[PDB]
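A.B. asks:
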Amino acid sequence: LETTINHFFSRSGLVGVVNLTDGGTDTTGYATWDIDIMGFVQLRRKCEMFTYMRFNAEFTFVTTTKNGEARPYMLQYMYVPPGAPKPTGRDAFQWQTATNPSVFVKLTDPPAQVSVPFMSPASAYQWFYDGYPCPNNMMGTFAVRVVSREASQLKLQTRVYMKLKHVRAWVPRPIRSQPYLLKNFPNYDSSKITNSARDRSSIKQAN
Amino acid sequence: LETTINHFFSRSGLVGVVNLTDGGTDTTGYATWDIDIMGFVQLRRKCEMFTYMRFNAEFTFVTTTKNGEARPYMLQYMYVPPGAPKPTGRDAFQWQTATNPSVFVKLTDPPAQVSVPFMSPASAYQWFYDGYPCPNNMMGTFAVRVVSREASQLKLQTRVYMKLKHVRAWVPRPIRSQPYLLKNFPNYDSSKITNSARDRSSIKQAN
Amino acid sequence: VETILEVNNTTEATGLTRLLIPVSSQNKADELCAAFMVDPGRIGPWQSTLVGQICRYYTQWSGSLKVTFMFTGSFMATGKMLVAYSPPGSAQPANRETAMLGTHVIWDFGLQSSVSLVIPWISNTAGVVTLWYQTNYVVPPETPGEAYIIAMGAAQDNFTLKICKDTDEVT
Amino acid sequence: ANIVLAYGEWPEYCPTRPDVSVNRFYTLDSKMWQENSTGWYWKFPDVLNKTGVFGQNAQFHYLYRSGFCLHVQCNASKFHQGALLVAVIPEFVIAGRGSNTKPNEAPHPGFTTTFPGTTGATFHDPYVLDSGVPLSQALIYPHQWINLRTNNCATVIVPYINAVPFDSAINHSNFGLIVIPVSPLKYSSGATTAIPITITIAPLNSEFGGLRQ
Amino acid sequence: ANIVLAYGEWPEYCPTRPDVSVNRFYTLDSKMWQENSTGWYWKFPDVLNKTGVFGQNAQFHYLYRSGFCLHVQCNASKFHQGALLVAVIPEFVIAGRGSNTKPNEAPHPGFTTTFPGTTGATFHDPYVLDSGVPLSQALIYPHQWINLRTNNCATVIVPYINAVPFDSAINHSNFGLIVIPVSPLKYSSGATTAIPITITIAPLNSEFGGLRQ
Amino acid sequence: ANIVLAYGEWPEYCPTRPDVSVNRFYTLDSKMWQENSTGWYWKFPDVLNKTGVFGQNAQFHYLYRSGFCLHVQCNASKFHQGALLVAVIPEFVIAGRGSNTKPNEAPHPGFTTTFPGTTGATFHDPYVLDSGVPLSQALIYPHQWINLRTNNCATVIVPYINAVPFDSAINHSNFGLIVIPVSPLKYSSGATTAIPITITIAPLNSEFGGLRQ
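Residue numbers (the authors' numbering), protein chains in the order written: chain A, 76 to 208, 224 to 297; chain A', 76 to 208, 224 to 297; chain C, 49 to 172, 188 to 234; chain B, 29 to 42, 53 to 251; chain B', 29 to 42, 53 to 251; chain B'', 29 to 42, 53 to 251. A prime marks a further copy of an entry chain.
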C-alpha cells in the first residue's frame, strides 16, 4: 500500500526557507518567495521521474526569530495568484487588495497552514516542455510581512513545508542519474560523466 | 481484569532521559537517543519474563529547562526509522529529509505525543536469540533539536515516557533473580550468587 | 520492466560498452565468461537498472526477480553456453561441473537467441549468477568471431517493498 | 511482424479531417549506419512540416492533433552483426552540454539541434541520451530491438500524448524517435561497410484547426 | 508411558520432505551420571548436523523447519535412588560467568559452550541454569521428573517454536534440552557407581529449503 | 526437432525416488571440434558421479536404475560444413591396442581411459571404434546424424538396458555415447576455426537403493 503514488509523494517535506530583516534604511520588511517545487534535489528527482502531474498542496509556515525565542507579533502571509502583481514595498497597496488572500497569525500561535488547489490552465503540470513559448505553468507567490504601525526591529526566519495531496502522474520516464547544473534546465556536464555503476576489479568476481 | 497482559504492561512509565546543551564551540545542539525498552531494570525484568512480544508504543516527550522555567521556543523531534542514517550535526541535511517524520512543538505547549507501530521484519520481537547474526530487531531513533536561526543559549532536559499498547506475548519463561551486569547480555556473577529466599534460623520454625 | 544491467562495470571501459558482455572464439572449450550478484539494492551491476533505483527509495524488499539474456552476434555463428544460478550460502562456483549441479540452463545460439532465468526469493551473500562457456563459439569463414550479450533484469509479481526512505544517489 | 502498441491506446479522434492525401507512407531518406556511429533522433511533428500536403496543411493551420504509425527497416546481409534500439520518447527535451551555472553563460542547444527537420540529427553522448538520463533504463518507453540475426523491421503505433487536446505543430515537437546502436556493427573485410536504415511514417487520424490564409 | 505434549500443539507442516530416512531414531551416546554430577544440556538443531542423512540435508540446505520427538531413558537398579528433571527450553541462551561491566572485557561463552554438538555439555552453576535464572521455577517449561522409584523413561513431543517460519539450522539453535539431578545419586557400597542416561530423538515433520550444491 | 526413441521403449520405474532435484538439465562443457579431430565418447553413469545432488545420491547408495534423455547441440555458422554421427552403445567396452598374446604382457586400458569422467575422452582409431569393430555398421545402434546443413541438434531418449534390474553406478558404466566426425570440418579462411559441441543430459526416472552413510 506504501508503493502507490499517493504514498510516494504525500509527506510534509521542506520546500523553502525565507529570510526577513525589517530594518532601517533598507526598510524592505516584506519577503516574497516565488513558489516552485524544484527547490531541493530530492523532490526534483522524485518529480522528474514522471512527465505529467496533477496535485493539490498543503503549505505550513513555521516562523522563528533569529536566536529562536518567539514573542507575540502579528504576521500577514499573502498568496499572490498567477497573473496578479507582486507587492513592491512593505506598505504598498498590493497588501490591502481583496483578491490576494491573507492569513493573519501571531508568532506564539501554532504554525500557519493553508491549501492551494490545481491552478494551471492546462489539464496537468508538465516539467518537460519540448518547444518554444519553458512552459507557462505557475503556482503563485507567498509574500509575508510583519503587520505593525511602528517598524518592528526583529529579523525572523520562516520555513515553508509543503505536502502534496491527491497526486496523479502520467507518462513515466527514467530517473536522472547525472548531477544538476541549473534550475529550469536539465543541463548536464559533457566532460566528467559519472557512471551509473561503481567500478569493480574484474568481470569474473562478485565484488 | 487487571491481571491480563494488556493491563500488566499498558501504563505510561518512564523509559528515557535526554540532555541537551546547545552551546558554543561544542555546537552539538542535537541530542540523539537510540530507543530500547531495556533501560530501567523494572521494565526489563517485566519484559524478559516472556520470549516473544508484539506491541505498539505511545511516546510522550516532556521537556523542561535546567532550572525549570519554560519560555516559548520551537523544538523539532525527529523519528529516524530503522535503516535510515542518523543526523550528524545540528544543521545537517538529515534534518530536512522528508522520510524522517518530525514534530514541531513549543516549550509552553502541552508535552508532545506520538505513536509508533510494530516495526520488525520478523513476526514478533524476541529478546533471547540463541544463535549468531544479538538479533536484528530495532525500533529507530528520536533525535531532537532546537529549531532556531541564531544559536539558542539554553540547556534543556527532555523526558521520554513510553506506554505499551496492544501487547501480545508468547512462550513464558522464569523471572530473572540474579542481578544485572550488561545491557544486551544476561551475564550474571559466578561468585556471590544471591539466594532466591532469605535465610532463617532453623527448618523447624516459622520465621 | 526489463532494463539493461551494467555487468561490464570494470575500468578501462567507455560509456556504452559497459552494457555488454563480450563473447569471443579465442576462449577455450570450458571457461568462465561472466558472473554477477543478485541483490538489486547493492553497489554493483544492479545500480544501473530501474528496479535497482526504485528499491533504493525503500529499505526492505522481497520477491523473485528475472534476468534475461540476449545474444547480439552473427546469424551463422552457433555455440552453447551454461547460465547457472547458485543460491546464497557458498561462494562462486569454481568449475563447470560444480555449476551444473546447482541451478542451470543450457542456452545455445542455433535456435534460441534470448534465454530467461527466474531467480527466486531474495531479500535485504544474496545469490550468484554465473555464465560459462559450454562448448565453443564456432564461426564460418569470412565472419567476425566476436559477439556481445546484453543482460537485462526486472522484478516479478511477488516483489514487495516496505519502509520509505530518502535515496542517496544525490547530494 | 510484431507490432508494439504504444501505451495500449489506439490513436482516435476527438476541425477538418483530410483522410485522403495525408494518410500515406511518407518515406524519409536512409541513414548510413557504420562502425563508429552514435545514434539518431527525430522530432516528429516538424519532420513532416516541409513535405507535401501534410506540411502545407500543418503550416497554414494553428491547431493540430494526430497519432503516428512508424516503420523502421534495417536490411543487412546475413554476415553482418549488431543491434539497434528504436524507442519513442514523449517530450524529448535535448539538454545542453557544459559546466556553467550562470543563466546567460550556460550553453543551450540551437534551433537546428532541437528541431532537426526531415534529415534528423546525431547524438553526442548516447550513454546519457543527451539529456542527463542514462539509456540503460530507456526501455521504460515504448521500444523495440532491431537485432540483425532475428528480424530487420520494427513498428510503433504511437497515439497523441499531450496535456492539451490541441497544440501548435510548429513551435512544439510532441515526441521524438531515437535509434541507438547498442551493439556496434561488425563485419569481415570485403562486405558492405555501411548499412542503410529506412523510416516510413503514416499520420494516423490527423485533425487540423484554425487555418490562416 | 505418559507423554507430555509440549504447549499442546502437534508438529505439523506448513520445500522438500524426506519422510523416509530422516524419521528414524537417532540415538545419542549415554551420559554417565554419578554422585557429584551437575547436569547436561543439548542444543538441538546442531546436535544432528553431523550424523548421517539429516546432517547432510541440514548442512547443504539454507532453510529448515521441523519438530522433535524426544526419548530419555535412565535405567538404574532397584537399590539406587535419585531424581532427574528433564526439560526443554525454547531459545536457551547460555550466559557468561564474570563480574565485568565493560563491553570487550566482560566474559562470553565460546563456540563449544554455546553449541556443544553431539556430545553435549555440562553445567557450571545448575542452581541458576547458567543463565542467571533460578531453576526452582524452571517447571514453567515442558518438563518431566525421572524419579528412580516410579519410572525410568521420559518423552517430550516438541513442536516448532520460532518467530519466523523458516530459519538457518546451523547459526541458530532453536531450543535446548536440560537434564538436572535435583536429588543426588545415592547407593550402598558394592553397586554400580554410575548410571547411564540414553537419549533418542526423532525429527518429526522435517522441511528443508534452498540447497546450495 | 525429431526424437529417436531408443529401442522403442520409454524409461519406466520398477527404493527412493528423488523426482525433484535430479530431473534437471545437467549441462556438460563444450568440446572444441576442429579439422583434425577424431571423436569423443562418454561413459554415462559415471559422468554424473561428481556433479551435485545426483553425484551425492549415486555415490552414497549401492543400487541404481535410471534412464536418460540426451541432447547434443552443435551450432556452427552457415558457411561451415561437415557431419557428425552421435550414437549410444550399450556395454561399450574399450579395447586395448597392442599385438601381444600373453596375459600379463598384453596392454589394457587404464582407469582414466575406460571411465573418462565429466570431461570425456577422445578416440585413437575411430575407424574401428577402439573396439575392433568397424563403425560403418555402427548404425545398428540408436543414432542420429548431425549434418551441418540440415539441423544442429540431436536427442536420444535411452531406457535402462541391463541384465539385472539393479546394479552399482560406480563400478559398472551401463552404456556410452560416441560422437564421431564422419565428414571432416571444412571452412574458408577468416571463419571460426573451431565449432563447440554442447551436451545436456536429464536422468529420467531415477531409483536409488541401499544407502551407506
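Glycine is no exception: its CB is placed at the ideal position from the N, C-alpha and C atoms.
For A133/B, is the classification buried or exposed, using 16 other Cβ atoms within 10 angstroms of its Cβ as the cut-off for buried?
C.D. replies: It is buried - the Cβ of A133/B has at least 16 other Cβ atoms within 10 Å.
A.B. asks: For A259/A', decide whether its Cβ has a neighbour in chain C, counting only Cβ atoms nearer than 9 Å.
C.D. replies: Not an interface residue.
A.B. asks: Find the nearest neighbour of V202/B within the set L101/B, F92/B, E40/B, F130/B, judged by alpha-carbon distance.
C.D. replies: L101/B
A.B. asks: Between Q197/C and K128/C, is the Cβ-Cβ spacing less than 9 Å?
C.D. replies: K128/C is positioned such that its CB atom lies closer than 9 Å to that of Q197/C.
A.B. asks: Would a check of beta-carbon distances place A159/A' closer than 9 Å to chain C?
C.D. replies: Yes, contact with chain C.
A.B. asks: Measure from the alpha carbon of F84/A to the alpha carbon of each residue in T174/A', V257/A', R290/A', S267/A', then state which is nearest.
C.D. replies: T174/A'
A.B. asks: In the DSSP assignment, find the beta strand (DSSP E) that holds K81/B' and state where it starts and stops.
C.D. replies: 78 to 81
A.B. asks: Use the C-beta contact count for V194/B: other C-beta atoms within 10 angstroms, 16 or more gives buried, fewer gives exposed.
C.D. replies: buried
A.B. asks: Under 9 Å, Cβ to Cβ, is there at least one residue of chain C near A229/B''?
C.D. replies: Taking CB atoms only, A229/B'' has a neighbour in chain C less than 9 Å away.
A.B. asks: In this structure, how does DSSP classify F232/A' when only helix, strand and coil are distinguished?
C.D. replies: strand
A.B. asks: Based on the DSSP output, what are the partners of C191/B in its beta bridges?
C.D. replies: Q111/B
A.B. asks: Looking only at its own chain, which residues have a Cβ that is under 8 Å from the Cβ of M149/A, when we skip the five neighbours before and after it?
C.D. replies: By the criterion of a C-beta distance shorter than 8 Å, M149/A is surrounded in its chain by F179, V180, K181, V236, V237, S238, once the five residues flanking it on both sides are discounted.
A.B. asks: Apply the 10 Å Cβ neighbour rule to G136/B'' and answer buried if 16 or more other Cβ atoms are within range, or exposed otherwise.
C.D. replies: exposed
A.B. asks: Do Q175/B and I52/C come within 9 Å of each other at the CB atom, strictly closer than that value?
C.D. replies: yes
A.B. asks: Would you decide whether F246/B' is buried or exposed? Buried here means 16 or more other CB atoms lie within 10 Å of its CB.
C.D. replies: buried
A.B. asks: Taking 9 Å as the threshold (beta carbon to beta carbon), is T107/C in contact with chain A'?
C.D. replies: Using a CB distance cut-off of 9 Å, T107/C counts as an interface residue toward chain A'.
A.B. asks: Please confirm if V91/B' has its CB atom under 9 Å from at least one CB of chain B''.
C.D. replies: Taking Cβ atoms only, chain B'' reaches closer than 9 Å to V91/B', which makes this a yes.
A.B. asks: Let me check you understand the geometry: is the CB of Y102/B closer than 8 Å to at least one non-hydrogen atom of the ligand MN?
C.D. replies: The model depicted lacks the ligand MN and carries no ligand whatsoever.
A.B. asks: Mind checking which residues open and close the beta strand (DSSP E) that includes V91/B''?
C.D. replies: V91/B'' -> not in any beta strand (DSSP E); alpha helix (DSSP H) instead, spanning 90 to 97.
A.B. asks: Please confirm if the segment 273 to 291 of chain A is in contact with the segment 137 to 145 of chain B, defined as three or more CB-CB distances below 8 Å between the two stretches.
C.D. replies: yes
A.B. asks: Run the CB neighbour count on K69/B', radius 10 Å, all protein chains shown included, and call it buried at 16 or more, exposed below.
C.D. replies: buried
A.B. asks: Thinking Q94/B'' and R187/B'' are a contact (beta carbons under 8 Å), I'd like their distance in whole angstroms, please.
C.D. replies: The distance from the Cβ of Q94/B'' to that of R187/B'' is about 42 Å, inconsistent with a contact at the 8 Å cut-off.
A.B. asks: I want to see whether chain B comes within less than 9 Å of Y200/C, judged by CB atoms only; does it?
C.D. replies: no
A.B. asks: Need the endpoints of the alpha helix (DSSP H) that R119/A' sits in, please.
C.D. replies: 116 to 122
A.B. asks: I want to verify the contact list: residues of chain B'' whose CB lies under 8 Å from the CB of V58/B', in sequence order.
C.D. replies: Under the 8 Å cutoff, chain B'' gives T54.
A.B. asks: Consult DSSP for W170/A and reduce its assignment to one of helix, strand or coil.
C.D. replies: helix
A.B. asks: So, at 8 Å on beta carbons, what are the nonlocal neighbours of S211/B'' in its own chain, with the 5 sequence-adjacent residues on each side left out?
C.D. replies: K81, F82, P83, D84, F130, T152, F153.
A.B. asks: Spell out whether any CB of chain B is found under 9 Å from the CB atom of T126/A.
C.D. replies: yes
A.B. asks: For chain C, find out if any of its Cβ atoms is closer than 9 Å to the Cβ of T174/A'; answer yes or no.
C.D. replies: yes
A.B. asks: Residues of the segment 134 to 147 of chain C with a CB closer than 8 Å to any CB of chain B': list them in chain order, please.
C.D. replies: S134, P135, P136, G137, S138, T146
A.B. asks: Comparing alpha-carbon positions, which option in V196/B, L215/B, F117/B, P234/B lies nearest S244/B?
C.D. replies: Ranking the options by Cα distance to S244/B, first place goes to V196/B.
A.B. asks: Give the single residue among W183/B, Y41/B, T65/B whose Cα lies nearest to the Cα of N30/B.
C.D. replies: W183/B
A.B. asks: Short of 6 Å in beta carbon distance, which residues of its chain neighbour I91/C, apart from the five on each side in sequence? Order them along the chain.
C.D. replies: none
A.B. asks: Give me the residue from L64/C, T151/C, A210/C, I102/C with the minimum Cα distance to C227/C.
C.D. replies: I102/C
A.B. asks: Is the beta carbon of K116/B'' closer than 9 Å to that of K116/B?
C.D. replies: yes
A.B. asks: Below 8 Å on the Cβ atoms is my guess for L165/C versus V91/B''; work out the distance and round it to an integer in Å.
C.D. replies: 19 Å between Cβ atoms; not a contact.
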